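# Residue-level structural notes
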Amino acid sequence: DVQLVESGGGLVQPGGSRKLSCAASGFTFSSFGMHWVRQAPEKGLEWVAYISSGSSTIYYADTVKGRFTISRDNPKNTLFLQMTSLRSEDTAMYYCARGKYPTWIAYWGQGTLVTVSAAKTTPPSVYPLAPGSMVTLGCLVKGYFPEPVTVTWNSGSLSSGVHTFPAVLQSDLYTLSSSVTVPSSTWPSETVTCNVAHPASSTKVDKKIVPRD
Amino acid sequence: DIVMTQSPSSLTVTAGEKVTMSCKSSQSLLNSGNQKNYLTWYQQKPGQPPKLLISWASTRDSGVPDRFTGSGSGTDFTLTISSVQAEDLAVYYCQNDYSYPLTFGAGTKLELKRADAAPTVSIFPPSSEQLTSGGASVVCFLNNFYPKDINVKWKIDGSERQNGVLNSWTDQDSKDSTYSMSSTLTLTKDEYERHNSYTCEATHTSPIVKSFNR
Amino acid sequence: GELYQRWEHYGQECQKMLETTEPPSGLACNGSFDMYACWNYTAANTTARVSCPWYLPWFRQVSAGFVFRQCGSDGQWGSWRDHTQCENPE
Ligand code: NA
């Protein structure tokens, strides 16, 4: 199958630079033109750039021409986007995309999030949410910047019955909670751990939920 | 540049019914040479990248079922979904595929009408870790309810607390079309220790009440 | 005036189709627009066909015809062509 895996997102200061990469597999990469498309948070889709299979023709959107350079390394099956002179309005989830005749844009990658802000990276503090006197447990991921974080339970094995709530912004810091619902027979007889990742700070936390309060 | 205008901005429908949304371009997307309209539809699930639905106005991509129908020509285009399922919850974009720059509409968000459901509510005291560092967040989960409109009230020793509460609603669920929300009452460790009973109650039917002491 | 602009679009359509497709498995001739017809990726040692280009002023009366070209066994196109089915039927 076709899959595009973007990489290189994170925090950039206004006016700085950042290079995104897109690893492609499942097709003859050297035969396809490639796009970059971005999506501001809670907003719509904006096409950014296109590069033909041989890098011979290239199109840029007006809001980007002069600052961004699209390029590719066909032997390494990789699409690149070199961004410069970034500003707040460049904050978006950035997608790479491949075409499929008759359309220019058919397959999308998972995306990588780029935050342009003068605020500083801070890792999250992860707190367990054990109840007092099906059981629901939680993890509080408080005071991090920027987005995103990744929350899993027991490393993915606990998949259904999970609610990870959108983060709220306060004092230049994000905070989210994540709930999981399990049968009373498993907890606390077996282990329930939430795994919180914050790539912008290279933080990875495993917090085990211990019962009392 | 071709401007793409989609309407309605969003709508809600119950499962089994059929929906129609419109997409209009400021310039014709019809190539009279090959008689094809360069209009493509995408479906973006919550928290997912967009998915190709229909290309050249009416051609379904392989794997897309028949209940997704695209039509129109020139500047007026329409997407129609019959037998709407729970999983159809998404934002539906149309895109100018005729000439560069490629431009998208603002999208049509498809939401679902569901049977009313009461929330499953759980309350959690602050953790000892956070207490030791000076903070005290009390978390209250309201999971799998409908409709989205819901009220949370915090009570400290029987007195309503409104200072320091932050609420966050999830997107609609793609399977059962319910909503969930988390309510977090954050206090200093100092003020938290000055009281005993903490209560969050949900109202949408009498209030559903969860509490703890200490 | 309109003929040439339609011919431009046909050439643009050919580039797009090549940039949004890949050749079939194995040795194959590379896709190419030769200013007359859009030649698709074609398996080696075959004679390719594509519809008479829709930019011809008489396309309606030749729409079911084809222009032919040989894809050599070496993955290289031939220089000969049969476009008799695309001739203006006066
Ligand atoms: Na190609």
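Residues are labelled from 1 along each chain in written sequence order, independent of how the entry numbers them, and those without coordinates are excluded. Key to labels: chains lettered from A, ligands numbered from 1, both in the order written. Side-chain numbers come from the whole structure's heavy atoms, not from hydrogens or water.

Header annotation of the entry names X-ray crystallography as the structure determination method and lists the resolution as 2.1000 Å.

Its official PDB title, as written in the record, is "Mouse ECD with Fab1".

Per the PDB entry, chain B is named Light chain, and its organism is Homo sapiens.

Listed per partner, the contact involves 44 residues of chain A and 40 residues of chain B. Values labelled buried area give the accessible surface lost by two parts on being combined, using a 1.4 Å probe and summing over both. Both faces considered, chain A and chain B share a buried interface measuring about 3,500 Å² in area, 63% of it formed by carbon and sulfur atoms. Here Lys100(A) and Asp61(B) are joined by a salt bridge, their closest N and O atoms 2.8 Å apart. Any N or O atom pair separated by 3.5 Å or less is treated as a polar contact, with the protein-specific requirement of one donor-capable and one acceptor-capable atom, and with residues adjacent in sequence counted only for side-chain atom pairs. Our count for the contact surface shared by chain A and chain B stands at 12 residue pairs in polar contact. Within the side of chain A that touches chain B, the residues separate by chemical class into 22 nonpolar, 15 polar and seven charged. In this analysis, two residues are considered to be in contact whenever any of their non-hydrogen atoms come within 4.5 Å of each other. In what follows, salt bridge is the name for a side-chain nitrogen of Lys or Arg lying within 4 Å of a carboxyl oxygen of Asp or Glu. Each residue is assigned to one of three groups, with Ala, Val, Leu, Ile, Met, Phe, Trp, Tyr, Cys and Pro labelled nonpolar, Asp, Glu, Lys and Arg labelled charged, and all others, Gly among them, labelled polar.

Here we come to the domain arrangement of chain B. Residue and element names in this part refer to chain B. Segmentation of chain B into domains returns domain 1 (1–114) and domain 2 (115–214). Domain delimitation follows an automatic or database domain assignment. In this structure, domain 1 and domain 2 have C-alpha centres spaced 39 Å apart. Between domain 1 and domain 2 the total buried area reaches about 930 Å² when both faces are included, carbon and sulfur atoms providing 44% of it. Linking domain 1 with domain 2 are zero salt bridges. If you look at where domain 1 meets domain 2, you find five residue pairs in polar contact. Classifying every residue of the side of domain 1 that touches domain 2 gives four nonpolar, no polar and four charged.

A separate point is the interface of chain A and chain C. Opposite the 15 residues of chain A that make contact, chain C presents 11 residues. Note on chain A versus chain C: buried area summed over both sides is about 1,000 Å², and carbon and sulfur give 50% of it. For chain A, the biggest contributors to the area lost against chain C are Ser31(A), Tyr101(A) and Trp104(A); these three give 56% of the whole. At the junction of chain A with chain C, the criterion picks out zero salt bridges. Seen at the junction of chain A and chain C, the total is eight residue pairs in polar contact.

Residue and element names in this part refer to chain C. Pairing of aromatic side chains here covers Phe, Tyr and the six-membered ring of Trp, requires ring centres within 6.5 Å, and sorts the geometry by plane angle: under 30 degrees stacked, over 60 edge-to-face, intermediate tilted. Tallied over the entire structure, the rule returns 30 aromatic pairs over all chains. Every member of this aromatic cluster is reached through a ring pair, and the members are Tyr4, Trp7, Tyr10, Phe33, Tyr36, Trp54 and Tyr55. The aromatic ring of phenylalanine 66 is capped on one face by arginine 49, whose charged end is 4.2 Å from the ring centroid. Charge-over-ring contacts are defined here by two conditions on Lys NZ or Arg CZ: a distance within 6 Å of the ring centre and an angle within 35 degrees of the ring normal.

Another point: the coordination of the sodium ion. Metal coordination angles in their ideal form are 109.5 degrees for the four-donor tetrahedron and 90 or 180 degrees for the six-donor octahedron. Think of the donor list as every N, O and S atom within 2.8 Å of the metal, or within 3.2 Å for Na, K and Ca; water never makes the list, so a site can look incomplete. Coordination of the sodium ion by the protein is provided by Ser31(A) (O), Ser31(A) (OG), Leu18(C) (O), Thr21(C) (O) and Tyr41(C) (OH), with metal-donor distances spanning 2.3 to 2.4 Å. Taken together, the positions of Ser31(A) in the loop between strand 3 (18–25) and strand 4 (34–39) and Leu18(C) in helix 1 (residues 2–19) put the pair across two chains. For the residue pair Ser31(A) and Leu18(C), the accessibility class agrees, reading buried in each case. Helix numbering and strand numbering both begin at the N terminus, where a helix is a DSSP run of H or I of at least 4 residues and a strand a DSSP run of E of at least 2. Working definition: with a 1.4 Å probe on protein chains only, accessible area under 20% of the residue-type maximum means buried, over 50% means exposed, and in between means partly exposed.

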